[PDB]
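Novice: One structure is given below, represented as structure tokens, and several questions about it will come after.
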Amino acid sequence: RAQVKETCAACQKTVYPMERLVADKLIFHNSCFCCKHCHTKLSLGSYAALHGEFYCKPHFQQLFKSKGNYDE
Ligand SMILES: [Zn+2]
Ligand SMILES: [Zn+2]
């Protein structure tokens with residue numbers, strides 16, 4: 001049962017309490033969510049997330065043409 005056993009969506013590993021963060025309602029390690037095109041550790045601070053994939057703002061703009069915003 002998931003109570004104190006959260007499973008991560010950015011690396012699918014069970015997240016431990018200190019690392020258990022919730023970005024965009026997805027529960028994961030604060031340390032793991034990187035861009036799906038480049039393993040850029042964009043975790044918590046400046047990131048662009050999409051259903052399924054976490055993307056860096058530059059790649060998100062080019063590849064998905066969704067958000068990004070890097071003085072753009
Ligand atoms: Zn993770
Ligand atoms: Zn990227």
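A note on labels: chains of the structure tokens are A, B, ... as shown, every chain counts residues from 1, and ligands are counted from 1 in their shown order.
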Within 10 Å of ligand 1, which residues of chain A come that close, and what is the closest atom pair and distance in Å for each? Count only C-alpha atoms and all ligand atoms and give it as JSON lines.
Specialist:
{"residue": "A:6", "atom": "CA", "partner": "ligand 1", "partner_atom_place_in_ligand_line": "1 (Zn)", "distance": 9.8}
{"residue": "A:7", "atom": "CA", "partner": "ligand 1", "partner_atom_place_in_ligand_line": "1 (Zn)", "distance": 7.7}
{"residue": "A:8", "atom": "CA", "partner": "ligand 1", "partner_atom_place_in_ligand_line": "1 (Zn)", "distance": 4.7}
{"residue": "A:9", "atom": "CA", "partner": "ligand 1", "partner_atom_place_in_ligand_line": "1 (Zn)", "distance": 6.4}
{"residue": "A:10", "atom": "CA", "partner": "ligand 1", "partner_atom_place_in_ligand_line": "1 (Zn)", "distance": 4.9}
{"residue": "A:11", "atom": "CA", "partner": "ligand 1", "partner_atom_place_in_ligand_line": "1 (Zn)", "distance": 4.0}
{"residue": "A:12", "atom": "CA", "partner": "ligand 1", "partner_atom_place_in_ligand_line": "1 (Zn)", "distance": 5.7}
{"residue": "A:13", "atom": "CA", "partner": "ligand 1", "partner_atom_place_in_ligand_line": "1 (Zn)", "distance": 5.4}
{"residue": "A:14", "atom": "CA", "partner": "ligand 1", "partner_atom_place_in_ligand_line": "1 (Zn)", "distance": 7.2}
{"residue": "A:15", "atom": "CA", "partner": "ligand 1", "partner_atom_place_in_ligand_line": "1 (Zn)", "distance": 6.4}
{"residue": "A:16", "atom": "CA", "partner": "ligand 1", "partner_atom_place_in_ligand_line": "1 (Zn)", "distance": 9.5}
{"residue": "A:19", "atom": "CA", "partner": "ligand 1", "partner_atom_place_in_ligand_line": "1 (Zn)", "distance": 8.5}
{"residue": "A:20", "atom": "CA", "partner": "ligand 1", "partner_atom_place_in_ligand_line": "1 (Zn)", "distance": 8.5}
{"residue": "A:21", "atom": "CA", "partner": "ligand 1", "partner_atom_place_in_ligand_line": "1 (Zn)", "distance": 9.4}
{"residue": "A:27", "atom": "CA", "partner": "ligand 1", "partner_atom_place_in_ligand_line": "1 (Zn)", "distance": 8.3}
{"residue": "A:28", "atom": "CA", "partner": "ligand 1", "partner_atom_place_in_ligand_line": "1 (Zn)", "distance": 4.9}
{"residue": "A:29", "atom": "CA", "partner": "ligand 1", "partner_atom_place_in_ligand_line": "1 (Zn)", "distance": 4.3}
{"residue": "A:30", "atom": "CA", "partner": "ligand 1", "partner_atom_place_in_ligand_line": "1 (Zn)", "distance": 7.3}
{"residue": "A:31", "atom": "CA", "partner": "ligand 1", "partner_atom_place_in_ligand_line": "1 (Zn)", "distance": 7.1}
{"residue": "A:32", "atom": "CA", "partner": "ligand 1", "partner_atom_place_in_ligand_line": "1 (Zn)", "distance": 4.7}
{"residue": "A:33", "atom": "CA", "partner": "ligand 1", "partner_atom_place_in_ligand_line": "1 (Zn)", "distance": 6.7}
{"residue": "A:34", "atom": "CA", "partner": "ligand 1", "partner_atom_place_in_ligand_line": "1 (Zn)", "distance": 9.6}
Novice: Could you turn the residues from that selection into a file that holds N, CA, C and O atoms, as a PDB file, in the first residue's frame?
Specialist:
ATOM      1  N   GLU A   6       5.961   5.882  -1.528  1.00  0.00           N
ATOM      2  CA  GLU A   6       5.573   6.569  -2.715  1.00  0.00           C
ATOM      3  C   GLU A   6       6.409   6.060  -3.827  1.00  0.00           C
ATOM      4  O   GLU A   6       7.581   5.798  -3.635  1.00  0.00           O
ATOM      5  N   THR A   7       5.856   5.898  -4.958  1.00  0.00           N
ATOM      6  CA  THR A   7       6.656   5.476  -6.034  1.00  0.00           C
ATOM      7  C   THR A   7       6.770   6.637  -7.009  1.00  0.00           C
ATOM      8  O   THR A   7       5.809   7.376  -7.237  1.00  0.00           O
ATOM      9  N   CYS A   8       7.927   6.792  -7.553  1.00  0.00           N
ATOM     10  CA  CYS A   8       8.279   7.934  -8.334  1.00  0.00           C
ATOM     11  C   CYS A   8       7.870   7.791  -9.790  1.00  0.00           C
ATOM     12  O   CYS A   8       7.868   6.702 -10.331  1.00  0.00           O
ATOM     13  N   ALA A   9       7.523   8.907 -10.415  1.00  0.00           N
ATOM     14  CA  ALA A   9       7.135   8.912 -11.816  1.00  0.00           C
ATOM     15  C   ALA A   9       8.256   9.401 -12.736  1.00  0.00           C
ATOM     16  O   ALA A   9       8.136   9.322 -13.962  1.00  0.00           O
ATOM     17  N   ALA A  10       9.341   9.904 -12.157  1.00  0.00           N
ATOM     18  CA  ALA A  10      10.419  10.460 -12.958  1.00  0.00           C
ATOM     19  C   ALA A  10      11.564   9.469 -13.105  1.00  0.00           C
ATOM     20  O   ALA A  10      12.454   9.640 -13.931  1.00  0.00           O
ATOM     21  N   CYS A  11      11.551   8.454 -12.266  1.00  0.00           N
ATOM     22  CA  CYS A  11      12.539   7.405 -12.318  1.00  0.00           C
ATOM     23  C   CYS A  11      11.980   6.048 -11.822  1.00  0.00           C
ATOM     24  O   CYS A  11      12.694   5.063 -11.755  1.00  0.00           O
ATOM     25  N   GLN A  12      10.665   6.026 -11.508  1.00  0.00           N
ATOM     26  CA  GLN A  12       9.923   4.813 -11.068  1.00  0.00           C
ATOM     27  C   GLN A  12      10.564   4.014  -9.936  1.00  0.00           C
ATOM     28  O   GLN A  12      10.500   2.787  -9.908  1.00  0.00           O
ATOM     29  N   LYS A  13      11.153   4.697  -9.021  1.00  0.00           N
ATOM     30  CA  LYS A  13      11.768   4.083  -7.875  1.00  0.00           C
ATOM     31  C   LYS A  13      11.012   4.545  -6.671  1.00  0.00           C
ATOM     32  O   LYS A  13      10.401   5.604  -6.713  1.00  0.00           O
ATOM     33  N   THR A  14      10.979   3.752  -5.645  1.00  0.00           N
ATOM     34  CA  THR A  14      10.261   4.118  -4.462  1.00  0.00           C
ATOM     35  C   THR A  14      10.991   5.252  -3.741  1.00  0.00           C
ATOM     36  O   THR A  14      12.181   5.131  -3.417  1.00  0.00           O
ATOM     37  N   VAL A  15      10.277   6.323  -3.512  1.00  0.00           N
ATOM     38  CA  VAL A  15      10.828   7.539  -2.972  1.00  0.00           C
ATOM     39  C   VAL A  15      10.812   7.459  -1.476  1.00  0.00           C
ATOM     40  O   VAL A  15       9.824   7.009  -0.882  1.00  0.00           O
ATOM     41  N   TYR A  16      11.876   7.869  -0.865  1.00  0.00           N
ATOM     42  CA  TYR A  16      11.948   7.850   0.561  1.00  0.00           C
ATOM     43  C   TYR A  16      11.536   9.230   1.070  1.00  0.00           C
ATOM     44  O   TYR A  16      11.697  10.207   0.339  1.00  0.00           O
ATOM     45  N   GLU A  19      13.224  12.620   0.257  1.00  0.00           N
ATOM     46  CA  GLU A  19      13.387  12.875  -1.151  1.00  0.00           C
ATOM     47  C   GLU A  19      12.041  12.999  -1.834  1.00  0.00           C
ATOM     48  O   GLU A  19      11.955  13.488  -2.954  1.00  0.00           O
ATOM     49  N   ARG A  20      11.001  12.555  -1.141  1.00  0.00           N
ATOM     50  CA  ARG A  20       9.640  12.592  -1.637  1.00  0.00           C
ATOM     51  C   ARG A  20       9.120  14.011  -1.752  1.00  0.00           C
ATOM     52  O   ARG A  20       8.788  14.680  -0.763  1.00  0.00           O
ATOM     53  N   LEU A  21       9.134  14.449  -2.942  1.00  0.00           N
ATOM     54  CA  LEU A  21       8.667  15.725  -3.370  1.00  0.00           C
ATOM     55  C   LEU A  21       7.492  15.505  -4.310  1.00  0.00           C
ATOM     56  O   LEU A  21       7.325  14.414  -4.856  1.00  0.00           O
ATOM     57  N   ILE A  27       4.515  12.409  -7.660  1.00  0.00           N
ATOM     58  CA  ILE A  27       5.336  12.214  -6.480  1.00  0.00           C
ATOM     59  C   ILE A  27       6.654  11.578  -6.882  1.00  0.00           C
ATOM     60  O   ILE A  27       6.671  10.500  -7.498  1.00  0.00           O
ATOM     61  N   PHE A  28       7.734  12.255  -6.593  1.00  0.00           N
ATOM     62  CA  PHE A  28       9.053  11.787  -6.909  1.00  0.00           C
ATOM     63  C   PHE A  28      10.179  12.397  -6.131  1.00  0.00           C
ATOM     64  O   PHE A  28       9.992  13.309  -5.341  1.00  0.00           O
ATOM     65  N   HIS A  29      11.337  11.819  -6.332  1.00  0.00           N
ATOM     66  CA  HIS A  29      12.583  12.288  -5.787  1.00  0.00           C
ATOM     67  C   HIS A  29      12.864  13.655  -6.346  1.00  0.00           C
ATOM     68  O   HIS A  29      12.809  13.870  -7.564  1.00  0.00           O
ATOM     69  N   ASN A  30      13.140  14.571  -5.460  1.00  0.00           N
ATOM     70  CA  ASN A  30      13.506  15.925  -5.822  1.00  0.00           C
ATOM     71  C   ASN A  30      14.722  15.960  -6.737  1.00  0.00           C
ATOM     72  O   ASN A  30      14.852  16.835  -7.562  1.00  0.00           O
ATOM     73  N   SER A  31      15.601  15.031  -6.533  1.00  0.00           N
ATOM     74  CA  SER A  31      16.809  14.856  -7.275  1.00  0.00           C
ATOM     75  C   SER A  31      16.692  14.199  -8.688  1.00  0.00           C
ATOM     76  O   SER A  31      17.653  14.257  -9.455  1.00  0.00           O
ATOM     77  N   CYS A  32      15.561  13.594  -9.059  1.00  0.00           N
ATOM     78  CA  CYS A  32      15.610  12.744 -10.260  1.00  0.00           C
ATOM     79  C   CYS A  32      15.054  13.324 -11.543  1.00  0.00           C
ATOM     80  O   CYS A  32      15.495  12.910 -12.630  1.00  0.00           O
ATOM     81  N   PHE A  33      14.115  14.242 -11.474  1.00  0.00           N
ATOM     82  CA  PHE A  33      13.454  14.649 -12.687  1.00  0.00           C
ATOM     83  C   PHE A  33      14.300  15.535 -13.566  1.00  0.00           C
ATOM     84  O   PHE A  33      14.559  16.708 -13.266  1.00  0.00           O
ATOM     85  N   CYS A  34      14.754  14.938 -14.622  1.00  0.00           N
ATOM     86  CA  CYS A  34      15.591  15.548 -15.578  1.00  0.00           C
ATOM     87  C   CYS A  34      14.863  15.584 -16.899  1.00  0.00           C
ATOM     88  O   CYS A  34      13.809  14.964 -17.041  1.00  0.00           O
TER      89      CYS A  34
END
Novice: Using only C-alpha atoms and all ligand atoms, tabulate the residues of chain A lying at most 8 Å from any atom of ligand 2, each with its closest atom pair and that distance in Å to one decimal, by chain and increasing residue number, as CSV.
Specialist:
residue,atom,partner,partner_atom_place_in_ligand_line,distance
A:34,CA,ligand 2,1 (Zn),8.0
A:35,CA,ligand 2,1 (Zn),4.8
A:36,CA,ligand 2,1 (Zn),6.5
A:37,CA,ligand 2,1 (Zn),4.8
A:38,CA,ligand 2,1 (Zn),4.1
A:39,CA,ligand 2,1 (Zn),6.8
A:40,CA,ligand 2,1 (Zn),6.1
A:55,CA,ligand 2,1 (Zn),5.6
A:56,CA,ligand 2,1 (Zn),4.3
A:57,CA,ligand 2,1 (Zn),7.1
A:58,CA,ligand 2,1 (Zn),6.3
A:59,CA,ligand 2,1 (Zn),4.6
A:60,CA,ligand 2,1 (Zn),7.2
Novice: Quick check, in Å to one decimal: how far apart do atom CA of residue 45 of chain A and atom CA of residue 5 of chain A lie?
Specialist: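 Spanning atom CA of residue 45 of chain A to atom CA of residue 5 of chain A is a straight-line distance of 24.6 Å.
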